[PDB]
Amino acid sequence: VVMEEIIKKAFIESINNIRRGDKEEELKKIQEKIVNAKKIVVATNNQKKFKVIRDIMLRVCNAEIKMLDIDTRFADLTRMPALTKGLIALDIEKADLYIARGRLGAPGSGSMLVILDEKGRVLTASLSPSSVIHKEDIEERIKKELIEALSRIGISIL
């Protein structure tokens, strides 16, 4: 069953007041989309971030993985910058999966890393506390963020 047919079913359940939350078939399709991704685009031009992401993703799938040629810092003027960055990458590059990391919402709100599919659907995300608070190396932070975004949909890096 294709993702669209799985989502159709969820939407019908919601409309008709029988939706009881996420279902096993749905989680499985999510996992499948990530693990089976053949091409992955990371919505950054910052080589530091890219390498942390790429190395982890290589433990889970057999995709070609690349970053962007433009600076996505301008997403930082939007309401939800991490998400904006993911849709910028979706507009300019064809891929199976898009991974973005940046600010969650307003200045002050900490960070969000998000994984989108090829139509811009939010498959998974994870957040860190504002760097003003945690003060960890950005490298260690992104690593923890990616790993938690995967574990929360049943994907272990082993």
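Note that residue numbering follows the sequence shown and begins at 1.
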{"query": "Mean C-alpha B-factor comparison - 116-124 and 53-61, higher one", "finding": "53-61"}
{"query": "Residue stretch of maximal mean CA temperature factor, 92-100 vs 62-70", "finding": "62-70"}
{"query": "Given 23, 144, 9, 135, the residue at which the Cα B factor reaches its maximum", "finding": "135"}
{"query": "Lowest, middle or highest third - CA B-factor, residue 35", "finding": "highest"}
{"query": "Where the record places residue 139 (Cα B-factor, split into thirds across the chain)", "finding": "highest"}
{"query": "For residue 130, the third of its chain into which the C-alpha B factor falls", "finding": "middle"}
